[PDB]
Amino acid sequence: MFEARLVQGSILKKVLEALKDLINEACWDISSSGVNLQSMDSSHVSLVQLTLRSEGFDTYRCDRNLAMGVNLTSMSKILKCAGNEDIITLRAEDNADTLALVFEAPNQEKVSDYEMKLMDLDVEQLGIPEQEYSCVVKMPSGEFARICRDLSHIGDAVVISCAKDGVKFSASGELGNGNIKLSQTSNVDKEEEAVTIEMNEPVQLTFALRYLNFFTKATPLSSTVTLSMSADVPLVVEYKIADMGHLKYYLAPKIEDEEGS
Amino acid sequence: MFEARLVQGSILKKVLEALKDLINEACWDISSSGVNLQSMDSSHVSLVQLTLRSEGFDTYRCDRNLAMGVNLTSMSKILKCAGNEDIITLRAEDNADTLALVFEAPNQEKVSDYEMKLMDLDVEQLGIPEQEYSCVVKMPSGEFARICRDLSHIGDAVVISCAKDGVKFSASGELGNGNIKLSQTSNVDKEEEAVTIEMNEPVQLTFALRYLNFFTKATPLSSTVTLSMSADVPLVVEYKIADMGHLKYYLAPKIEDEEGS
Amino acid sequence: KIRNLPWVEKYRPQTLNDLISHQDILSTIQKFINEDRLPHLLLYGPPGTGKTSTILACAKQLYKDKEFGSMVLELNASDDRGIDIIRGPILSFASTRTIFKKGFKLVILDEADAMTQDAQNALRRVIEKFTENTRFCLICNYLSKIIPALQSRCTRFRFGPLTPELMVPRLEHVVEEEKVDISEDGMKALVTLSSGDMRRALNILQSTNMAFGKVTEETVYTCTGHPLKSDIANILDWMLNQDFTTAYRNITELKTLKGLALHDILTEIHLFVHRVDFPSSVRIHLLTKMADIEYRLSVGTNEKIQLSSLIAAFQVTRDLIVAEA
Amino acid sequence: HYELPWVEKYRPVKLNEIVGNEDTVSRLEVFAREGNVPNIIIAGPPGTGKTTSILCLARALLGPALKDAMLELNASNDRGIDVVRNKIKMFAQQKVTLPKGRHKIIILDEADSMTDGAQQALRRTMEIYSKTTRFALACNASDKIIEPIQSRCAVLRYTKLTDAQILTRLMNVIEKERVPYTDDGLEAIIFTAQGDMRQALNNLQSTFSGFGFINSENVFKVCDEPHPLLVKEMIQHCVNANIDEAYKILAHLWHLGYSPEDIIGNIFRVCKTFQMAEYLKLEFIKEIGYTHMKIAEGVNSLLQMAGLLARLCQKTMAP
Amino acid sequence: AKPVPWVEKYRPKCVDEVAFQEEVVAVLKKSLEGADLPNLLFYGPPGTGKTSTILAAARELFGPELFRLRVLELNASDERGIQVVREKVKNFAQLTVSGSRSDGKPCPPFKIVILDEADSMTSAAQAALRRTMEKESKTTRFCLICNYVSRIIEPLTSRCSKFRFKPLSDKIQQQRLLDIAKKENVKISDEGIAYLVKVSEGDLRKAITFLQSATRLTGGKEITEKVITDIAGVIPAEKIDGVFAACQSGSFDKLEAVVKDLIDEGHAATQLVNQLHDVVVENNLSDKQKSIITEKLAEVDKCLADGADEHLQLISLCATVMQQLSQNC
Amino acid sequence: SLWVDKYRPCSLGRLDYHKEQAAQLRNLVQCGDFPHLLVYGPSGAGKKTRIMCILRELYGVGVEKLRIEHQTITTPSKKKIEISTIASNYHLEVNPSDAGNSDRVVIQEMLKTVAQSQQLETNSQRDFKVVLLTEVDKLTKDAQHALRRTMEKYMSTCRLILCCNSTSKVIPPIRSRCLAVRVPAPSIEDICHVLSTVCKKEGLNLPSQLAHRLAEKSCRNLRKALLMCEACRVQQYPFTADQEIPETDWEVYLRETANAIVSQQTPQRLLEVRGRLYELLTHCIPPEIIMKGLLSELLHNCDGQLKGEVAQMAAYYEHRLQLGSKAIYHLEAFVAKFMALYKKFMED
DNA sequence: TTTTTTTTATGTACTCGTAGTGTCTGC
DNA sequence: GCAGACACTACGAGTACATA
Ligand SMILES: Nc1ncnc2c1ncn2[C@@H]1O[C@H](COP(=O)(O)OP(=O)(O)OP(O)(O)=S)[C@@H](O)[C@H]1O
Ligand SMILES: Nc1ncnc2c1ncn2[C@@H]1O[C@H](COP(=O)(O)OP(=O)(O)OP(O)(O)=S)[C@@H](O)[C@H]1O
Ligand SMILES: Nc1ncnc2c1ncn2[C@@H]1O[C@H](COP(=O)(O)OP(=O)(O)OP(O)(O)=S)[C@@H](O)[C@H]1O
Ligand SMILES: Nc1ncnc2c1ncn2[C@@H]1O[C@H](COP(=O)(O)OP(=O)(O)O)[C@@H](O)[C@H]1O
Ligand SMILES: [Mg+2]
Ligand SMILES: [Mg+2]
Ligand SMILES: [Mg+2]
């Protein structure tokens with residue numbers, strides 16, 4: 001028996017819109033610690049992890065380690081019918097083949113139950129190494145979304161550089177290069193605007209733009225964002241979503257050109 | 001080395017929003033006197049002559065003379081995400097292609113370096129005659145924009161006349177005619193709203209309303225515009241920017257044939 | 001000064017006196033310019049004959065450098081020339097007068113066969129209505145892709161292929177301007193392989209001079225890869241004089257040794273069979289078979305099998321020709 | 001001032017200066033003198049005088065009220081579905097004071113370019129306001145105009161101009177311009193005109209400007225002989241399976257610089273109206289289309305056109 | 001330490017490593033010195049080195065730091081419409097030539113637009129390139145690469161200097177393959193390398209692929225002719241003799257049996273056409289029989305190039321050669 | 001699970017036939033610098049099994065854990081097309097012909113995004129990813145011309161195993177870029193050995209006569225042989241040597257269509273045969289297989305001096321069918337030409 | 001005296017519906 | 001001074017067709 005209750009309905013209504021055009025399905029792993037989602041995209045470029053602990057739910061019942069697989073083309077239409085500040089309960093039986101979402105109508109007069117068929121998918125955990133990254137930085141969330149949106153009008157792919165000075169975004173296209181930098185934003189009143197550096201070894205890697213925009217579609221879930229990079233490890237984009245848990249994004253770099261001699 | 005510095009970003013935004021649907025590409029002619037831009041439209045009917053003085057910039061250095069041909073849609077996309085109260089640095093090297101626009105975010109924290117690639121157009125220099133005109137009219141720019149917008153609802157080509165009395169506008173359209181004649185409006189408390197007549201010989205010429213409506217978009221640059229008209233030389237719309245420079249619009253008359261009867 | 005330019009662009013006939021061939025047409029257009037009676041022109045012909053150079057020389061003769069941007073509106077297939085462009089910039093350029101100095105304006109529509117027929121139908125009353133103010137010049141390679149209403153409104157000049165007799169002095173001027181050592185057989189090979197096209201003549205001349213340093217018949221036919229006349233005569237003699245296996249071995253050895261292609265061999269053999277006095281039933285069969293072989297070479301087909309079929313097309317007709325007697 | 005070319009300088013201003021189609025032009029003269037003209041659609045070849053006849057009729061009917069009682073629309077105008085609804089109907093509703101027997105005239109020149117929906121919207125404004133406005137349409141392809149519009153108008157069809165009709169106008173222009181000539185040069189101008197007065201005036205102007213005298217050599221130095229009369233001899237040779245003369249004509253057309261597409265278009269246009277057996281004509285047309293597919297693919301050489309000629313000669317001797 | 005296949009590992013980095021294409025290599029070597037580079041049109045069979053020559057020439061002209069600023073490479077793997085030619089190619093060609101080589105080598109004052117596999121572009125998109133090539137020739141160069149030059153329109157053919165890449169001769173291909181095998185510590189017999197350059201038929205990419213795969217299959221020992229015949233897809237001579245005996249017998253059932261036996265053995269129909277053509281032209285048949293049979297072989301090869309079914313085409317060719325071999329009996 | 005999927009071998013050492021080719025394929029993919037592969041042969045020869053064996057040799061046992069991923073691609077006409085994809089954590093499997101003539105839009109946009117991106121985990125996954133393009137002979141030539149520079153540029157980090165039936169439909173630029181691996185059909189003895197092994201693993205006893213008849217009726221298709229053997233046990237467990245083997249319905253319908261062609265030669269019979277051919281084309285039978293079955297049944301009714309002309313006509317109209325777009329025109333043209341020829345032969 | 005439906009692959013043109021958005025009115 | 005309402009153009013989207 002899986003029976004969970006949310007404290008805010010805006011968490012799903014901000015976390016499923018980033019996964020609407022990014023991943024084709026949502027696979028939830030049920031455990032006593034919490035719910036874990038690890039989904040790789042169809043092009044094998046992006047990897048989405050979402051760990052919501054059991055301490056953040058209003059209530060949480062889990063007896064067996066179960067895995068549920070739901071689609072996105074129906075859950076995205078179901079989520080738009082739901083409200084914003086209401087409560088969402090997720091229900092799943094031991095032997096049934098459906099997942100029930102029970103919430104309140106936006107008219108706030110009746111309870112709405114929606115059932116989704118459980119897709120039996122055969123996946124395996126890829127396994128993140130959780131190694132020491134050569135660069136860790138902290139950035140504002142909405143500022144990072146505006147940065148990723150401003151490079152969309154220039155080039156189809158972006159270049160992320162990270163020395164000890166800060167984080168440099170570059171966009172080289174047929175129009176011309178767009179280079180922006182953020183450095184030393186500790187002298188502000190808001191704690192979420194602190195652009196800080198945490199590691200030493202500089203890294204320069206070219207990533208895609210569409211997947212970064214899909215990553216920045218989940219910006220008002222958290223206050224700050226974290227970016228981790230290394231010489232060959234994919235880019236890690238970390239959101240600390242309130243108290244119930246956190247989300248990780250893995251984006252593979254592009255193949256570098258033959259600039260040798 | 002070329003390095004100009006616009007003291008505020010609003011004037012460049014108004015200039016590049018005036019020329020956006022009119023000018024194909026921007027030819028910045030650089031000297032020690034300032035920045036000159038003589039460019040025709042895509043239809044080869046209108047002409048734009050923008051002159052920015054060196055004293056209007058914050059810092060202006062220019063070692064050797066340049067002639068930078070650059071695209072205008074790219075510069076429009078660059079200047080769209082620019083503030084109205086921030087300094088904007090224009091940089092260019094001796095033998096490079098990067099024309100750099102360096103400014104600040106509307107959040108006023110991070111820098112923004114947008115490069116553009118220069119074009120090779122080698123267009124021949126168009127000779128401004130700089131002769132005397134048979135009609136010179138000082139009028140407010142907002143009233144000129146309002147009367148062009150009002151005449152665009154009636155017809156498509158507008159017969160503008162000028163004499164000792166004042167400037168007169170006629171639009172013989174499909175609904176009918178609209179004849180608006182304004183004169184001697186200097187008896188107000190404002191100094192911008194005034195109609196002054198300087199020269200003698202009356203002229204009647206027909207022009208397209210689309211190019212006049214494109215010319216009226218430079219209204220926030222100057223509170224008072226000047227109209228120069230003669231029987232042979234084209235129509236000149238002269239905006240005198242307050243402490244930066246001036247802008248001249250040249251529009252050729254249409255070919256009109258009388259009835260044989 | 002010197003520039004890094006191709007020789008088809010470094011040597012362009014900036015004036016009308018530097019073009020070589022179409023002397024009556026150029027004299028008529030020069031008298032159009034001098035009498036100020038320039039009509040709407042329609043320049044049509046094969047590529048590389050000098051139509052764009054003609055209209056650019058006429059535009060440079062008609063207008064000065066201080067006013068050239070206000071009098072000439074040049075549009076080609078690299079630009080958008082839809083019906084919104086005909087109703088927009090072209091109609092506004094036609095219906096308005098000039099800016100600086102008085103004069104008639106010129107709308108050049110290079111590669112006018114690439115225009116849509118909606119744009120060509122919109123062009124008709126623009127050309128007819130504003131004849132006194134602006135002039136139109138259409139340039140095309142295919143006259144059938146221009147509507148007959150636009151062909152009526154323009155006086156048409158056929159810029160035919162350049163004859164090799166008039167083609168020689170311009171090539172000699174380019175040779176003397178570039179310090180090129182060329183023989184008479186090299187010039188003959190240039191004007192033979194060009195086939196009424198100064199572009200490919202100058203391209204083959206520049207390629208041969210860069211590849212070998214001299215321009216002779218051997219160097220031109222080696223840089224181009226074209227077979228010589230003696231090679232084609234040997235191939236035809238082998239196909240008409242001996243059996244399948246010996247002719248196949250000789251033609252295969254000639255193609256492997258000199259690196260020949262079957263397209264040029266087919267072209268020269270097709271030029272040869274109209275010279276050889278064949279019976280009409282033999283000639284029809286040969287033309288049909290060679291057209292089939294040339295059509296089969298346009299896709300991913302093995303060239304050895306097509307060479308065997310080329311030998312087969314003459315080994316069929318050998319007995320027929322001899323038994324005709 | 002810049003002098004107009006002879007096409008535009010010698011455009012007729014009265015209906016009696018228009019040569020060719022004598023009965024239709026005479027009835028238009030009667031209608032211009034009297035009035036009460038029905039709705040009219042003139043179809044025909046280019047350069048026949050359809051626009052000239054419509055404009056002369058409108059000018060002679062309206063007189064001094066031509067500026068306010070005529071609406072002229074071209075293919076250079078918009079004239080879409082929103083212009084027939086809003087501009088043409090508002091002009092048809094517009095009050096214009098005119099003498100008796102005179103109506104407003106909505107000239108719709110080059111009516112092939114109008115879409116089907118605009119012609120459908122034109123029907124009821126043609127039928128309702130017919131006591132105050134009239135319509136004068138000019139076109140080349142009459143099948144592009146829909147059948148309700150052709151039922152709502154009198155469909156006048158202009159035929160191609162003959163040699164004497166163009167010769168009279170050429171004599172008028174020559175006597176106006178003091179052009180010296182011979183009879184053979186005028187015959188060559190008629191030959192290059194091919195029933196087109198625009199091409200006749202253009203070729204006469206070009207020959208007189210280039211050489212100053214009109215004989216056959218000066219005309220043929222700048223102008224060109226027509227294509228399908230020479231293509232028809234090649235098709236006649238292919239009918240009799242005479243491959244040598246057909247290739248002689250084909251190689252003469254090839255060395256003149258004509259592309260394979262123009263040559264095969266002329267071959268198809270001749271074979272459409274050729275005088276032979278119908279089954280043999282269909283075999284010829286199918287072989288021409290088979291060759292034209294190869295021309296459009298990219299293989300367009302002299303050998304391909306020679307193979308087409310050889311296959312057309314094979315079609316004769318294959319019952 | 002990733003492993004890379006020998007086709008990309010032995011790609012020519014400079015124009016001196018390009019084999020057998022002496023005229024175009026001489027032209028590009030002169031253009032490296034400072035001569036006027038014209039517009040280039042490379043055309044020929046697959047695997048002859050058309051892409052490698054222009055990429056090595058661009059690497060030698062611009063170096064590593066100017067390849068991204070001076071070379072615009074567009075192939076059929078990306079979209080090339082008429083609007084891509086009107087917008088992207090024209091805006092690239094209208095740019096100024098900026099940047100200088102920091103290693104002291106000379107830099108040419110033009111850009112290079114490499115339109116590889118230009119067969120797939122439409123005629124309108126090719127017509128939109130014409131005045132772009134002619135007007136902007138002071139600051140950019142164009143290199144069109146194709147396999148069939150008839151698919152490129154006559155104005156673009158006239159504007160470009162045409163170079164035909166010949167198939168590689170047996171001497172040069174054998175020399176290059178032996179040099180590659182010497183650089184890879186691979187021993188190969190004379191019969192093996194002779195059958196390799198016979199099988200590859202002027203395709204050096206196919207030869208390098210076969211040499212690498214025969215190295216990987218044997219594990220590092222000597223490559224013999226048996227490994228080459230195993231990896232080359234060569235039909236054995238007993239199958240060809242059985243096909244000719246079945247067509248000599250005049251029975252259509254034996255013909256269907258040998259055709260089904262060849263189809264069930266997975267043999268390619270083009271390989272059978274090549275081997276049957278070699279047997280026919282190296283036989284003692286009469287000229288008329290050889291003539292019709294080779295004409296049918298050419299028609300069958302054309303039909304197989306248009307994606308017809310292999311079984312029906314081979315049974316039609318076998319019926320034709322059966323009629324030819326049974327008419328004279 | 002059927003017998004076609006229950007006893008399929010997993011590794012290259014467990015294959016029952018083409019064992020020398022299995023050892024050569026093991027030696028080829030050991031180093032990791034193996035080129036692009038083009039696995040070709042008749043249908044049911046075992047090409048897909050050997051492709052999955054090569055994948056299991058390259059990667060771990062996680063290759064067999066598969067999933068369905070749907071990707072939405074925008075056409076140049078801006079019509080969105082959804083295409084399915086068999087995927088794993090190490091390889092990808094695309095059949096672009098499911099997008100029809102939009103297959104090039106699969107190659108130009110969906111494939112390059114696979115090729116331009118490196119692997120997320122280079123420890124579990126190798127330095128390269130493998131993309132299996134299934135049925136590349138059904139690709140249009142535009143998709144094959146879009147394939148080649150993606151194959152050349154990203155070969156070091158993205159390998160391709162193309163699979164087809166005939167390499168004649170593959171363009172020579174693609175065939176020049178890849179190593180062609182031929183998988184012939186198993187022999188009658190090999191199919192008998194496989195069927196005997198499957199029956200003994202199932203606990204059943206299979207005679208040599210029934211195994212030989214199944215192998216002969218299968219036309220050297222091991223998939224169809226295993227399906228026929230499973231249908232034979234189902235319908236009758238005691239295996240008789242003369243037990244009736246079931247047959248597919250479209251083959252019998254094609255045989256009766258050819259018998260109807262033979263029985264009468266009249267435009268009304270041509271109308272009835274055209275109705276039968278639409279019935280066959282409606283059931284998604286490919287028209288080349290209709291042509292092959294029509295030829296294989298019509299040659300059983302012709303005489304000795306007509307079969308070559310019938311085969312040449314069948315090849316000619318098959319070629320015209322491939323050059324065209326409406327199959328019923330060329331099929332009915334072949335039937336009408338055969339009717340005219342057969343009437344001429346019977347009356348004279 | 002007899003009528004239902006989406007494929008062909010781009011390029012262009014037309015027509016209609018929708019959505020940011022600048023500006024005006026009002027308390 | 002800031003929320004509601006007005007028309008404005010840019011943009012997305014569907015459909016037809018392309019010959020003599
Ligand atoms: N008559 C000529 N006299 C001298 N040089 C010529 C002549 N015709 C062509 N050329 C050369 O060829 C170059 C290109 O000729 P163009 O004027 O472009 O011919 P074109 O008729 O416009 O060919 P198309 O149809 O546009 S491809 C010129 O720059 C000259 O170098
Ligand atoms: N019948 C005619 N009599 C005298 N001049 C004529 C005649 N037809 C044509 N012209 C001349 O040719 C010019 C063009 O005539 P138009 O009436 O514009 O041609 P059109 O009949 O409208 O053919 P299209 O289809 O519009 S190209 C006129 O200005 C005259 O100079
Ligand atoms: N002439 C050559 N000299 C040296 N190596 C060559 C040569 N031709 C081919 N190669 C090798 O084979 C590979 C293929 O060469 P390419 O340049 O791609 O052939 P290609 O002309 O592009 O064939 P297409 O037309 O693109 S299928 C190269 O990367 C080299 O490894
Ligand atoms: N070596 C083998 N041993 C046993 N069964 C096999 C073997 N190879 C193939 N098969 C069976 O034969 C069938 C062949 O199908 P498949 O592997 O898809 O080949 P193809 O792709 O040529 O159709 C498969 O269902 C498989 O189970
Ligand atoms: Mg040109
Ligand atoms: Mg007209
Ligand atoms: Mg290549």
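What's counted below: heavy atoms across the whole structure, side chains too, no hydrogens, waters or symmetry copies. So that the names make sense, note that chain A is the first sequence line, chain B the second, and so on, each numbered from 1.
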Colleague: Report the residues that fulfil ring-ring contact (aromatic ring centres under 6.0 Å, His included) with D/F284, sequence neighbours left out, ordered by chain and then residue number.
Modeller: none
Colleague: Quick one: label F/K326 by what it contacts on the DNA or RNA (base, sugar-phosphate, nothing), any heavy atom closer than 4.0 Å.
Modeller: nothing
Colleague: If the condition is side-chain hydrogen bond (donor to acceptor under 3.5 Å, both in side chains), which residues does F/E288 pass it with, not counting sequence neighbours?
Modeller: F/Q322
Colleague: For residues D/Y258 and D/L253, report the shortest heavy-atom separation together with the two atoms involved.
Modeller: CD1-O, 3.4 Å
Colleague: Can you check nucleotides 19-23 of chain G for protein contacts, nitrogen or oxygen pairs under 3.5 Å, and list what you find?
Modeller:
none

Colleague: Taking side-chain hydrogen bond (donor to acceptor under 3.5 Å, both in side chains) as the definition, give me every residue that meets it alongside B/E17, ordered by chain and number, with sequence neighbours left out.
Modeller: B/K14
Colleague: Not counting sequence neighbours, which residues clear side-chain hydrogen bond (donor to acceptor under 3.5 Å, both in side chains) with D/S76? List them please.
Modeller: none
Colleague: Tell me: CG of F/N101 to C1' of G/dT6, nearest whole Å?
Modeller: 15 Å
Colleague: For H/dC17 versus G/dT7, give the span between their P atoms, rounded off to a whole number of Å.
Modeller: 16 Å
Colleague: Give one of base, sugar-phosphate or nothing for D/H292, where a contact means two heavy atoms less than 4.0 Å apart.
Modeller: nothing
Colleague: For G/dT3 and H/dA20, measure between their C1' atoms and round to the nearest Å.
Modeller: 29 Å
Colleague: What's touching nucleotides 11-16 of chain H from the protein side, N or O pairs under 3.5 Å?
Modeller:
none

Colleague: Mind checking side-chain hydrogen bond (donor to acceptor under 3.5 Å, both in side chains) for B/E192 and listing every partner two or more places apart, or none if nothing turns up?
Modeller: none
Colleague: Once Watson-Crick and G-U wobble pairs under 3.5 Å are found, how is DNA chain H written in dot-bracket notation, 5' to 3', with | for any base paired to another strand?
Modeller: .|||||||||||||||||..
Colleague: Rounded to whole angstrom units, what separation is found between the NZ atom of B/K80 and the P atom of H/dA10?
Modeller: 12 Å
Colleague: In a check of side-chain contact (heavy atoms from CB on, under 4.5 Å) between C/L109 and each of C/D79, C/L123, C/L150, C/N76, which one passes?
Modeller: C/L123
Colleague: Are D/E261 and C/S144 close enough that a side-chain donor and a side-chain acceptor fall under 3.5 Å?
Modeller: no
Colleague: Could you tell me which residues satisfy ring-ring contact (aromatic ring centres under 6.0 Å, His included) with B/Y211, sequence neighbours excluded, listed by chain and number?
Modeller: none
Colleague: Mark up nucleotides 10-16 of chain G, 5' to 3', with B wherever a protein heavy atom is under 4.0 angstrom from a base atom, S wherever such an atom reaches only the sugar-phosphate, and - elsewhere.
Modeller: SSSSSSS
Colleague: Is a side-chain donor or acceptor of E/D78 paired with a backbone partner of E/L74 at a separation under 3.5 angstrom?
Modeller: no
Colleague: Distances under 3.5 Å only, N/O to N/O: pair up the protein atoms with those of nucleotides 18-20 of chain H.
Modeller:
| from | atom 1 | to | atom 2 | distance (Å) |
| --- | --- | --- | --- | --- |
| H/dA20 | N6 | D/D143 | OD2 | 3.1 |
| H/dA20 | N1 | D/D143 | OD2 | 3.4 |

Colleague: Using the test ring-ring contact (aromatic ring centres under 6.0 Å, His included), find all partners of F/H330 that sit at least two apart in sequence or belong to another chain.
Modeller: none
